[PDB]
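Asker: Protein chains in written order, with the authors' numbering: chain n, 2 to 61; chain c, 2 to 203; chain g, 2 to 156; chain Y, 70 to 80; chain i, 6 to 132; chain j, 6 to 102; chain s, 2 to 83. Heads up, the beta-carbon is just placed ideally off N, CA and C, and yes, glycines get one too.
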Amino acid sequence: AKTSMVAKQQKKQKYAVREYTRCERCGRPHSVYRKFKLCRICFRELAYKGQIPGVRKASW
Amino acid sequence: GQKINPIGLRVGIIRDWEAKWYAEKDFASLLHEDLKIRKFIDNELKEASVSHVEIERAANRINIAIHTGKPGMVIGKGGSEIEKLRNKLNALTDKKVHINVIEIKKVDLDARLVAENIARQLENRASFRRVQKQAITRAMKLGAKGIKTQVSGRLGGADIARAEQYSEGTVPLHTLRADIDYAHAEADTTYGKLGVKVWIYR
Amino acid sequence: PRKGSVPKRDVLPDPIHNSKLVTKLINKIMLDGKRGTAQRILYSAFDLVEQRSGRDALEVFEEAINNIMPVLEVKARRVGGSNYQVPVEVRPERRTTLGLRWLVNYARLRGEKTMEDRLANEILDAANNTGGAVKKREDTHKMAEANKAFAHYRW
Amino acid sequence: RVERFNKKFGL
Amino acid sequence: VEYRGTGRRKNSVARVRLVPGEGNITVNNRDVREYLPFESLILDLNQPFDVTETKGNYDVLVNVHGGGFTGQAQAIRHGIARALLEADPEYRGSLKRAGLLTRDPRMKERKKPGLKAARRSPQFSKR
Amino acid sequence: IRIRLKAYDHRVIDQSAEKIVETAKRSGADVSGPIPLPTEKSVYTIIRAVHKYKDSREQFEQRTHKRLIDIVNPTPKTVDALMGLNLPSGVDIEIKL
Amino acid sequence: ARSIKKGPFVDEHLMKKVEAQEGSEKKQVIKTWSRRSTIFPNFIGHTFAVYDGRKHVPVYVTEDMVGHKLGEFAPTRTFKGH
RNA sequence: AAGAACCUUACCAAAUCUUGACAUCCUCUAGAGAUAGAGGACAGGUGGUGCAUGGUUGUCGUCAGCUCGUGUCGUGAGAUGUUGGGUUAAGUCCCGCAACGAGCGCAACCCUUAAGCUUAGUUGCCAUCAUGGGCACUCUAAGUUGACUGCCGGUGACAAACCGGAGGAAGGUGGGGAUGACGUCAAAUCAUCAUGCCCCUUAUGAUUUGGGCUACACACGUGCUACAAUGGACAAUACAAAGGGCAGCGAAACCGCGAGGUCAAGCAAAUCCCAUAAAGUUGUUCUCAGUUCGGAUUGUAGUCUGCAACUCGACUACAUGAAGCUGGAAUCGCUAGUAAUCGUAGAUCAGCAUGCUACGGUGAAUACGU
Ligand SMILES: [Zn+2]
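Below is the structure:
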């Protein structure tokens with residue numbers, strides 16, 4: 002589990018098919034954006050406080 | 002999961018982000034740069050009364066504004082410790098300019114400072130009905146149009162967890178143009194985690 | 002619905018024959034949302050029939066929707082051990098909805114090839130009180146006769 | 070089989 | 006001596022240019038009966054011309070953009086009629102009784118989440 | 006002479022643009038009024054639930070507004086205001102000379 | 002599969018220990034994991050011990066195997082019937 | 001789960017490790033490979049209990065509710081207010097009344113849509129002219145107009161409201177969104193995260209190769225493809241929007257029956273590229289047969305990405321030609337530009353979608369009533 006698997010992902014692995022993203026706040030593999038490096042929990046938990054520039058909700 | 006985080010209904014509408022800067026590329030570096038430092042004022046100034054931090058960029062240098070409801074403590078006589086943080090952050094891989102201390106006076110009308118004169122009075126084992134009934138009680142005298150409060154969990158040991166909310170005045174959550182504050186906190190104790198949520202209207 | 006009532010939607014005439022009984026027959030012919038391939042079938046069966054019979058195209062079609070106009074019909078209630086089918090009289094604008102789908106779904110039930118002429122052999126047989134569509138204002142017209150007894154259970 | 074292999078490649 | 010008018014319908018925008026002349030309608034370098042594929046649309050986009058009773062007096066000269074054949078054959082008819090209350094604005098009593106100066110606001114609807122469409126729910130089984 | 010304006014909010018992209026175009030109208034030179042260009046909306050729907058509930062989602066977004074400004078007569082003293090850095094910390098200007 | 006312009010793929014050590022007894026007396030079974038390498042004509046006569054996950058199961062390479070992979074001939078799943 | 005060949009990976013077997021794979025303080029050579037030979041204070045756990053928590057979340061349900069102060073009534077529990085005559089989408093409003101007021105909801109303030117008007121004219125637009133030149137037309141987006149039962153008839157004197165009418169682009173909370181009260185279910189989550197209590201600590205921790213989640217007598221939930229003539233096939237020919245794009249979109253040319261290959265302009269993009277929209281329309285044709293329908297299942301020979309498509313990826317060529325003729329008992333969605341069909345586009349992503357979140361073209365049928 003975590004704190005063993007994240008310190009083997011900040012480590013350049015052999016073949017570059019092998020860079021899975023894995024979020025850089027909490028460590029979660031699992032649903033992770035590239036423009037943010039922030040999974041679906043943390044985008045909503047940070048874009049609510051207001052510390053992610055230019056983001057609001059959408060009501061179109 | 003019933004209702005909606007009054008900062009979240011109200012950014013864009015009448016609120017403004019605490020990161021006012023622009024990037025297309027380098028957004029994944031320029032964002033996690035800030036979390037990297039914002040979580041360093043959240044253990045460096047843990048024992049002072051800060052309630053916001055902004056992070057404003059221009060031409061490869063930053064401009065921070067800590068809001069520090071208790072200044073004097075944060076600065077030091079003759080600015081002797083407002084710079085001691087400045088040489089502490091420049092090891093965040095740049096020169097990190099312009100720390101700027103603004104002071105809040107009515108210090109009980111802030112959902113972040115109020116929330117924690119409650120949350121730190123429960124880890125010293127006060128009653129949970131007078132820690133809150135005395136901040137609905139300080140904050141209408143100062144002028145609020147309505148305050149509301151709530152603690153939640155294993156209240157006083159009791160092996161079953163409840164939520165105990167006191168309230169006062171008008172706190173119209175659904176109206177959009179009205180500006181309402183809020184902040185969680187959480188006390189940690191011999192029993193687990195408490196949930197202090199404060200909501201101030203004025 | 003409970004709150005009241007509403008309008009319908011009022012369609013403007015055909016380019017050619019200058020009735021709204023041939024725009025409301027394409028909407029019975031159209032399907033899946035394709036008014037292209039429904040206006041072959043409806044102008045190629047006024048002139049696939051106009052040959053067969055030497056009067057106008059629109060008086061042998063409009064007598065082909067007035068043998069089919071059911072004048073009575075059955076609606077239902079319950080009793081508590083039976084459920085009786087009452088016979089009610091039909092409004093003057095519902096006889097025009099049913100005649101125009103008792104004529105277009107009694108055409109996919111026909112053994113011709115291309116539905117230019119199923120619709121063409123069904124507007125010329127139905128013009129002589131016969132066949133498919135125009136027994137069905139006769140299926141539907143004994144049931145309002147057999148049930149002539151239960152009329153007092155009406156609304 | 071053996072011949073097919075060499076033919077496809079070059080061996 | 007040409008009149009002017011824009012009419013919209015459903016994401017089509019068509020600019021129409023009434024002139025003095027005889028019955029004929031050109032749209033985007035083409036004769037509209039090459040433009041429009043049904044005889045259903047070329048009957049009512051000259052609906053304005055039979056409400057005011059000036060059946061043949063104008064050559065039309067349209068410019069179109071957006072949409073498909075209905076919404077362009079129908080943004081037009083809101084040009085023919087919003088370029089003819091501009092010639093004799095006192096025509097305006099009767100071209101508005103046939104309901105011809107409405108823009109017709111009925112556009113295409115958002116898709117909603119957890120529904121398969123605007124208004125189409127997924128299939129419900131309870132057990 | 007071709008310059009570009011960007012920002013996530015429009016409040017400081019006209020407070021900036023039509024603030025300093027008459028920093029060019031100060032001296033002898035006239036500039037095209039700011040031309041708005043097509044702005045973009047990005048949108049990201051995520052799951053509200055920390056666990057098993059699709060069908061309850063939440064949407065957010067982030068825009069970027071764009072603005073055009075071009076002047077028609079540069080002097081030796083109409084680009085020496087190039088470093089008039091007074092734009093309010095969010096905007097991002099594009100100069101290509 | 003692989004291509005015309007790429008070759009066959011053999012795992013770089015399944016050849017060296019096979020072209021190391023090029024001219025030798027006998028054939029002892031070769032201890033492998035590389036189920037993924039193709040079979041050349043060179044192997045014809047060998048009996049490799051491939052890996053099906055828990056045991057090295059042996060098969061002897063013949064001349065109708067000469068376009069296949071090493072692990073098409075070693076089951077991974079076990080299923081006797083229901 | 002918004003991307004399982006390795007990794008992910010939390011399970012399996014072998015090969016291995018002991019202050020540790022992460023904090024803190026003191027080029028050759030054996031090998032499947034990690035790895036080797038050269039040149040202690042302590043970490044840690046995706047272990048346990050969601051019936052010990054905090055945070056977040058569904059649900060009834062956008063349903064019209066859920067109460068409080070102070071007064072009165074009652075021996076008390078409690079009541080009143082909140083009922084009643086009316087009306088409203090609405091405890092929404094009037095009137096009455098031992099209540100008089102107030103809070104949370106309701107509506108409105110927020111977006112995006114449907115008409116305009118000033119400011120502005122590149123990349124957009126092309127009227128008046130032979131793309132030079134223009135800001136008209138329309139587009140882009142800031143400001144600001146606009147919709148309130150204002151007005152006007154007549155049923156109501158409970159008094160609100162209700163039906164109709166005329167200026168209007170739109171008329172009666174315009175259309176759609178965000179917005180989810182008090183509580184209910186000891187609902188879901190200790191596995192994204194944090195954590196009280198209890199466990200393990202030469203392992204229940206750590207590193208590799210390979211296997212597994214892709215297993216198949218079977219029963220269920222969501223979809224997709226069709227059973228053709230309103231169709232197949234193969235030719236000419238039009239008309240959208242909404243979005244993505246740097247060690248990434250990738251044109252024109254050439255080569256290939258085809259997936260695609262080699263060269264390579266331009267574009268950090270209203271300019272350039274992805275990008276043909278497919279339905280549609282004009283035609284030749286086939287003529288009711290498990291068929292030229294339908295495209296499963298296989299053998300073959302290939303193309304791409306990747307250390308590698310063997311277990312176990314998408315595509316294309318040729319051959320193969322499966323059940324299927326419109327569905328038993330019962331069951332589901334949808335009240336308008338919606339249902340139905342038709343195509344495009346995004347996030348995950350080396351590679352892989354019939355799934356999810358979006359987008360526009362064509363576009364019906366019915367609602368008597370209760
Ligand atoms: Zn996370």
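In chain order, which alpha helix (DSSP H) runs of at least 4 residues are fully inside the segment 11-76 of chain i?
Answerer: Qualifying alpha helix (DSSP H) stretches, in chain order: 37-40, 53-56.
Asker: Indicate the three-state DSSP secondary structure (helix, strand or coil) for residue 116 of chain c in the structure shown.
Answerer: Along the second sequence, one-based indexing puts residue 116 of chain c at 115. Here residue 116 of chain c sits in helix by DSSP.
Asker: Looking only at DSSP bridge pairs, what is residue 88 of chain i linked to?
Answerer: For the purposes of this step, residue 88 of chain i is taken as residue 83 along the fifth sequence, with counting starting at 1. In DSSP, residue 88 of chain i forms no bridge with anything.
Asker: DSSP three-state label for residue 175 of chain c, please.
Answerer: Counted from its first residue, the second sequence places residue 175 of chain c at position 174. DSSP places residue 175 of chain c in coil when its eight states are reduced to three.
Asker: How big is the Cα-Cα spacing for residue 96 of chain j and residue 134 of chain c?
Answerer: In the sixth sequence, residue 96 of chain j corresponds to position 91, counting from 1. In the second sequence, residue 134 of chain c corresponds to position 133, counting from 1. Straight-line Cα distance between these residues: approximately 46 Å.
Asker: Residue 71 of chain j lies in the beta strand (DSSP E); which residues open and close that run?
Answerer: Locating residue 71 of chain j in the sixth sequence gives position 66, counting from the first residue. That run of the beta strand (DSSP E) goes 62-76.
Asker: Can you check whether the C-beta of residue 13 of chain g is within less than 8 Å of a C-beta belonging to chain i?
Answerer: For the purposes of this step, residue 13 of chain g is taken as the residue at position 12 of the third sequence. Chain i contact via Cβ: present.
Asker: Any Cβ of chain i within less than 8 Å of the Cβ of residue 47 of chain j?
Answerer: Counting from 1 along the sixth sequence, the entry for residue 47 of chain j is found at position 42. It does not: the Cβ of residue 47 of chain j has no partner Cβ on chain i nearer than 8 Å.
Asker: From this set, g/46, g/43, g/77, g/95, which residue's C-alpha is nearest residue 153 of chain g's C-alpha?
Answerer: Your numbering for residue 153 of chain g matches position 152 in the third sequence. Among g/46, g/43, g/77, g/95, the Cα nearest to that of residue 153 of chain g belongs to g/77.
Asker: If you reduce the DSSP assignment to three classes, tell me which class residue 72 of chain s lands in.
Answerer: Along the seventh sequence, read from residue 1 onward, the residue named residue 72 of chain s stands at position 71. If DSSP states are grouped into helix, strand and coil, residue 72 of chain s belongs with the helices.
Asker: Between s/45, s/2, s/23, s/4, which has its C-alpha nearest residue 61 of chain s's C-alpha?
Answerer: The residue you call residue 61 of chain s lines up with position 60 of the seventh sequence. The shortest C-alpha separation from residue 61 of chain s is found at s/45.
Asker: Taking 8 Å as the CB-CB limit, is residue 6 of chain c close to chain j?
Answerer: Here the question's residue 6 of chain c lines up with position 5 in the second sequence. No, no contact with chain j.
Asker: Distance, Cα to Cα, residue 92 of chain c vs residue 111 of chain c?
Answerer: In the second sequence, residue 92 of chain c corresponds to position 91, counting from 1. In the second sequence, residue 111 of chain c corresponds to position 110, counting from 1. Cα-Cα distance, rounded: 32 Å.
Asker: Taking residue 81 of chain i as part of the beta strand (DSSP E), name the residues at either end of that continuous run.
Answerer: One-based indexing of the fifth sequence puts residue 81 of chain i at position 76. Looking at the DSSP string, residue 81 of chain i is not in any beta strand (DSSP E), and its letter there is neither H nor E.
Asker: By alpha-carbon positions, which one of s/75, s/80, s/81, s/69 ends up nearest to residue 2 of chain s?
Answerer: Position 1 of the seventh sequence, counted from the start, is the residue given in the question as residue 2 of chain s. Answer by Cα proximity: s/69.
Asker: Hey, is residue 51 of chain j close to ligand 1, as in C-beta under 7 Å from one of its heavy atoms?
Answerer: Numbered from 1 along the sixth sequence, position 46 holds the residue referred to as residue 51 of chain j. For ligand 1, not one heavy atom lies less than 7 Å from the Cβ of residue 51 of chain j.
Asker: What residues does ligand 1 have around it, judged by CB closer than 6 Å to any heavy atom, in chain order?
Answerer: Residues flagged by the Cβ proximity filter: n/24, n/26, n/27, n/29, n/40, n/42, n/43.
Asker: Can you tell me where the beta strand (DSSP E) holding residue 44 of chain n begins and where it ends?
Answerer: Walking along the first sequence from the start, residue 44 of chain n turns up at place 43. Unbroken run through residue 44 of chain n is the alpha helix (DSSP H), 41-47; no beta strand (DSSP E).
Asker: Name the chain c residues that come within less than 7 Å of residue 97 of chain j, Cβ to Cβ?
Answerer: For the purposes of this step, residue 97 of chain j is taken as the residue at position 92 of the sixth sequence. Ordered by position in chain c, the residues that pass the 7 Å Cβ test against residue 97 of chain j are 23.
Asker: In chain Y, what lies closer than 9 Å to residue 76 of chain s by C-beta?
Answerer: For the purposes of this step, residue 76 of chain s is taken as the residue at position 75 of the seventh sequence. None at all; the shortest Cβ gap to chain Y is about 23 Å.
Asker: Quick check: residue 33 of chain c and residue 25 of chain n, are their CB atoms within less than 8 Å of each other?
Answerer: Here residue 33 of chain c is taken as the residue at index 32 of the second sequence, counted from 1. Here residue 25 of chain n is taken as the residue at index 24 of the first sequence, counted from 1. Yes, the pair counts as a contact, with Cβ atoms nearer than the cut-off.
Asker: Listed from N- to C-terminal order along the chain, which residues in the segment 29-41 of chain s have their beta-carbon within a distance smaller than 8 Å of any beta-carbon of chain Y?
Answerer: Answer set for the segment 29-41 of chain s: 41.
Asker: Less than 8 Å between the beta carbons of residue 45 of chain n and residue 63 of chain j, yes or no?
Answerer: Mapped onto the first sequence, residue 45 of chain n falls at position 44. Mapped onto the sixth sequence, residue 63 of chain j falls at position 58. Result yes, Cβ atoms of residue 45 of chain n and residue 63 of chain j sit closer than 8 Å.
Asker: Does any C-beta atom of chain j lie closer than 8 Å to the C-beta of residue 71 of chain i?
Answerer: Walking along the fifth sequence from the start, residue 71 of chain i turns up at place 66. Taking Cβ atoms only, chain j never reaches closer than 8 Å to residue 71 of chain i, which makes this a no.
Asker: Can you pull the DSSP bridge partners for residue 3 of chain j?
Answerer: Absent from the structure is residue 3 of chain j, since the part of chain j shown begins at 6 and ends at 102.
Asker: Round the Cβ separation of residue 68 of chain c and residue 8 of chain c to the nearest angstrom and send it over; I've been treating them as touching at under 8 Å.
Answerer: Your numbering for residue 68 of chain c matches position 67 in the second sequence. Your numbering for residue 8 of chain c matches position 7 in the second sequence. Contact doesn't hold; Cβ gap of about 15 Å is too wide.
Asker: For residue 72 of chain s, is the classification buried or exposed, using 16 other Cβ atoms within 10 angstroms of its Cβ as the cut-off for buried?
Answerer: Here residue 72 of chain s is taken as the residue at index 71 of the seventh sequence, counted from 1. The residue in question, residue 72 of chain s, is buried, as its Cβ has 16 or more Cβ neighbours within 10 Å.
Asker: Could you tell me the boundaries of the alpha helix (DSSP H) in which residue 16 of chain j lies?
Answerer: For the purposes of this step, residue 16 of chain j is taken as the residue at position 11 of the sixth sequence. Counting along the chain, the alpha helix (DSSP H) containing residue 16 of chain j begins and ends at 16-19.
Asker: Where residue 58 of chain i and residue 28 of chain i are concerned, what is the direct C-alpha to C-alpha distance, given to the nearest angstrom?
Answerer: The sequence position of residue 58 of chain i within the fifth sequence is 53, counting from 1. The sequence position of residue 28 of chain i within the fifth sequence is 23, counting from 1. If you take the alpha carbons of residue 58 of chain i and residue 28 of chain i, they lie about 13 Å apart.
Asker: Could you list which residues in chain c have their beta carbon closer than 7 Å to that of residue 30 of chain j, in chain order?
Answerer: Along the sixth sequence, read from residue 1 onward, the residue named residue 30 of chain j stands at position 25. Chain c residues near residue 30 of chain j: none, gap ~25 Å exceeds 7 Å.
Asker: Looking at chain c, is there any beta carbon in it that lies within less than 8 Å of the beta carbon of residue 20 of chain n?
Answerer: As a position in the first sequence, residue 20 of chain n is number 19, starting the count at 1. No - not a single Cβ of chain c is within 8 Å of the one on residue 20 of chain n.
Asker: Got a sec, what are the start and stop residues for the beta strand (DSSP E) residue 58 of chain n sits in?
Answerer: The count along the first sequence starts at 1 and reaches residue 58 of chain n at position 57. Its beta strand (DSSP E) spans residues 56-58.
Asker: Can you give me the C-alpha to C-alpha distance between residue 111 of chain g and residue 89 of chain g, rounded to a whole angstrom?
Answerer: Reading the third sequence from its first residue, position 110 is the one you call residue 111 of chain g. Reading the third sequence from its first residue, position 88 is the one you call residue 89 of chain g. So the two alpha carbons sit approximately 31 Å from each other.
Asker: Let me see if you follow: with CB-CB separation under 8 Å, is residue 55 of chain j close to chain n or not?
Answerer: Within the sixth sequence, the letter at position 50 stands for residue 55 of chain j. Interface residue, yes.
Asker: With DSSP run on the structure shown, which of helix, strand or coil describes residue 165 of chain c?
Answerer: For this step, residue 165 of chain c is matched to residue 164 along the second sequence. Residue state, collapsed to three classes: strand.
Asker: Here's the rule I'm using: 16 or more other beta-carbon atoms within 10 Å means buried, otherwise exposed. How should residue 16 of chain n be labelled?
Answerer: The residue labelled residue 16 of chain n in the question sits at position 15 within the first sequence. By the neighbour-count rule (16 or more Cβ atoms within 10 Å), residue 16 of chain n is not buried but exposed.
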